[PDB]
Every structure is written in C-alpha cells, then in structure tokens.
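First, one chain by itself: the form deposited in one PDB entry, in structure tokens.
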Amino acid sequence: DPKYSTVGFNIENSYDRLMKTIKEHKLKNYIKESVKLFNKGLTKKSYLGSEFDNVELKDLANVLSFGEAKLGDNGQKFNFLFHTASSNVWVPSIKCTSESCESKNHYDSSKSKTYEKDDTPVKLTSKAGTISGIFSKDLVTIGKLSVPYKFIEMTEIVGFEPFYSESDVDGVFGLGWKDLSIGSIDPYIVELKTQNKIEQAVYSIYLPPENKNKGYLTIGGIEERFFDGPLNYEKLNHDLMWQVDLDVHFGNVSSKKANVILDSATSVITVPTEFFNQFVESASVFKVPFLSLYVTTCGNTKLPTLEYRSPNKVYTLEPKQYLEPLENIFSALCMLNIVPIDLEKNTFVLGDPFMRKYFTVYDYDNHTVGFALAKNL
C-alpha cells in the first residue's frame, strides 16, 4: 500500500546456515548429548572460554537480497545484495572475462538507449577478493523510483568464492556512505532527492518480528504504519558510517562511550571479547565444544536486559529478542544471538536481533539515525 516507495527483500540468516551445517555434518545428537551433560552438570570445566576466532565480522553477515531492481531504458534485471556501509552500486559487465561472472546477469551498455559512457576505471582490492571495472551511467530503477545514477560495471571478479558462485546474487547495492570514486558520487538515495524523485534523502529498514527471512526497505520518507510510539534520533559520531555514541550495560558488565554501528545485515549483536566473557561467566550459558555456539534454557532467569544508553534515550533488548529457539534439537533450548568479536576499540554492532525490535531510519540529509518500536505485521 504505502505512500512512500517500499521494497521487500529476502534474508538468509545465521540460523538457516547453522541448521544447514547441522544437517551436513549430522550434529543434532552431539549437541543434544552435550547439552544433557551440561544439565547434569558434568562440565565443571569452563574456558569455554574457547578462543574461536571462527568469528571474523564477515562470518556473521546475512545476505539481504532482492531482484526487482533494473538498469537502463530496456530494464535489465539484477539480483543485488544490500550492503549498509557502501555508497555505490555494482553489477557484472557483459565484458566480464572471469568464470564467476558466467552464470550471472550482465550489464550491456550497447543495449540501453539511456546509457552514458563514463569509462573511469575502478579497482576494489580486498581480503576475500578483488574486483576491477569501470563507472557507467544509466537509469537505475527501484521499481516506483528511477534516476540516472553512476554505477560500477565489473570486468574482472576474482575471489569471494564459494559464496558468489553458489549465490543467485549478481551485484551489490549500496545503502551506505563510502563512495569508491573520487568524483563525489552521492548515494543512490541522495541522488534521487537531488533529482527531486523523492522529498528527503532518507530510508528505513523494517524487519518483521515473525518472519526472519524478510525485510522491507522504504525510501524517501517515514512510513508511520511500521511502528508504535515516537521516533528518536541519534546523531552520527562519523561522517561516513551509520555509527553512534552510546553507553552499553549487560547486567553489571558495562562500557561507556562505545561506538555502536547499525548494520541490519549483521546476523547478531556483537560485543568485545572481554565484555562477552564477563557477561557469560556464571550466566548459565553453555559453549558447545568445537562449535561457535552458545546455548541455554530459553526460560533462563539469570539473563539480563541489554541496554544501549544515550543522553536522552535507552534502547533495550530482553532475552527473547536475543535468543533463538532450537526446539527441533532440544526442548526449551535456545541459542545466544550474541557473538564476541573485537573490532576497533570499544566497538559494538547492532544486527538483525536489534532491528526485529526497533524499526530504524537512516537519514543522509540530517546525519542522524532514528529508532522506534516496530509493529508486528
């Protein structure tokens, strides 16, 4: 229905992936019998305490995808994944020599009335892989909104496997601030408003509480029907990141003036390792040996409400927003959707769990981020 322009997207989540592995490696009974042991409790040994760096920040990325975006006059179709920290949109060239590219949808400048050359070259060089290509300008549509935007047409794609090959994803659409170019190419959402296609350079994410494979992106205004109560804005502590200054308390474990990043693409709440150990130690939480898995009774009376405090608002997360049931492994068993991981100093991220509770707003004009209590729809 909405009066502002809204798209659905699909999510592959951490739970879906963990379920996959448990079936690959036949792990249900090992988890079942470990938990029983714990309940008995013949696991006095903690430590547990297992320094599993299995965690890098990319291990925790969900894939948020949609296939109703189109390029140029002819409307060439592409499956993007959203990335919340990047300003640019990225799409395989018809010219792409690599093998990764063979099974994917392609941009063909030749086939588009609206196409303009730019031809400025770009290389993105990374940990997981490397991408070469060139800027082109064409009609970028979603699907009520449309604008001539400068995007990247990728010619060499190496790495990112096996995900890229196994994924039906073509490229990346940018809901962020960082532009690779030095031509000050604005965000897609900035450009819509520059060209007057919307009225404000803003968007929201709405993650419905009851469907963890779905999300909704709304562009150009605040859709009042997704939330109850007031919207609170916090000011960014960074020019180029959806990042905010807050004091964080998990029970008596606390950290003041923490950098907290909003990324609905992350699958969990993250916390520095020290902080996590203070939290989990004697909180009745069980680290299953040889797995990146923390587990507890879903009704655990020791688990605190998590708090993210600003000078005028506190955002909270009860145990039911940070625990995922595992009813098909063990009755009343849940896992923790909290992972320990050290990034920059004193840096935390709010992923999927936080946004299932809070509807969120991402405001390029006013350099703010907005929080409100999601409805259940």
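Rigid core: the largest C-alpha set superposing within 1.5 Å between the two forms. Heads up: residue numbers just count along the shown sequence, starting at 1.
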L48 not built in a third or more of the other entries:
yes
If you take the mean CA temperature factor per stretch, which one wins between 275-283 and 221-229?
275-283
Taking only the CA atoms, which stretch has the higher mean B-factor in the record, 299-307 or 140-148?
140-148
From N213, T266, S292, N259, can you pick the one with the highest C-alpha B factor in the entry?
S292
Which of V172, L175, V202, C101 ranks first by CA B-factor in the deposited coordinates:
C101
Taking the C-alpha B-factors as the PDB entry records them, is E56 in the lowest, middle or highest third of its chain?
highest
Quick tally, chain-level thirds of C-alpha B-factors: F250 sits in the middle
Ranked C-alpha temperature factor of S50 among modelled chain residues, by third
highest
Chain thirds of CA B-factor: placement of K36
lowest
Taking the chain's C-alpha temperature factors as the reference, tell me which third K320 falls into: lowest, middle or highest.
middle
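The following text describes the form deposited in another entry, which does not appear among the structures shown.
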Scan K256, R225, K235, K127 for the one whose CA shifts by 2 Å or more between this form and the one not shown after superposing the rigid core, and name it.
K127
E318 C-alpha moves between this form and the one not shown by 2 Å or more, core aligned:
no
For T305, decide whether the Cα shift between this form and the one not shown is 2 Å or greater, given a superposition on the rigid core.
no
If the two forms are fitted on the core, does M154 show a Cα displacement reaching 2 angstroms between this form and the one not shown?
yes
Flagged pair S181/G176: C-alpha distance shifts by 3 angstroms or more in that other deposited form. Which direction, closer or farther?
closer
A 3 angstroms or greater change in CA distance between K58 and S255 is reported in that other deposited form. Closer or farther than in this form?
farther
